[PDB]
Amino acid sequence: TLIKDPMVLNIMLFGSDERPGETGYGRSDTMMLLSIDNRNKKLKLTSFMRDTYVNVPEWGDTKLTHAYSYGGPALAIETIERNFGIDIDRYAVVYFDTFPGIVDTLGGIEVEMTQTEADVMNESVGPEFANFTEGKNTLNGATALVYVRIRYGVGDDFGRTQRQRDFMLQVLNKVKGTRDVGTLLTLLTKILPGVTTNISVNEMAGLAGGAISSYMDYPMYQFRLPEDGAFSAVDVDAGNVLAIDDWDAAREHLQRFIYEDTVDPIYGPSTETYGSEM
């Protein structure tokens, strides 16, 4: 029933600034499918919004993020599969406290934002670390962590959701270009302390092999559900959610973006392309 290509490897990535509280699973606002598309030699990063109104197994209709709260990675995965119809292979949770290590090892990450970034940013760090402008500011590990947590009131909530999403795409893109072995090794070193994953050590080796020999040469595309036209922000019992008016289309678009021509038998050939090359 689920769309599954041997040549396309789906590893879900969770960005979490809340490790398991030791009853429970903590929390993850960010969800990002990595699709290693060996068929079309491409890397694809599909984001799913925190507040997407979805059907969680045994919990009915609710915010997508609640799946993780209630059941951790495993339930969130199952919710994605049931609502979107694709088969997730593996998953990895990466904690925000792992980030400083990552950034420094990469030698900075470049982001951008209005003169409001610089304010909240420059008046957050030391007056002598305050070095933020309007265009391209480079963050170090230290500032990165500040960057992804900063919230300018409750209206800037989505702005944080998106600062965190863009930050993550950056890191991934920058890791993607990175060719130096020592850097890569060290990057792994920065990650292990803050990673939970069902990927076996052996599978991790194969993937590091794949990445060096092939994967990092693939061009990389990103895509997001729900799409920009395709939802409303309705207030329900579960709170303020993002209702997708056309689920059949959400699925068609996602499954096309990842599997492309392989789903021609389900939806017929299309001339549409989804996502954007990074």
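The first residue of the sequence shown is number 1, and the count goes up from there.
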Greater mean Cα temperature factor according to the PDB record, 110-118 or 187-195: 110-118
Per the PDB record, is the mean Cα temperature factor higher over 251-259 or over 16-24? 16-24
Would you mind finding, among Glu81, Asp89, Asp156, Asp97, the residue with the largest C-alpha temperature factor in the entry? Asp156
Top Cα B-factor in this entry, restricted to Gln162, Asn173, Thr105, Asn131, sits on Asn131
Using the B-factor values recorded in the entry, state whether the Cα atom of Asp61 falls in the lowest, middle or highest third among the modelled residues of its chain. middle
Is the Cα B-factor recorded for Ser276 in the lowest, middle or highest third of its chain? lowest
Lowest, middle or highest third - CA B-factor, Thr46: lowest
CA B-factor ranking of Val54, expressed as a third of its chain: lowest
Tertile call for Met216 (CA temperature factor, within chain, third-based) is the middle
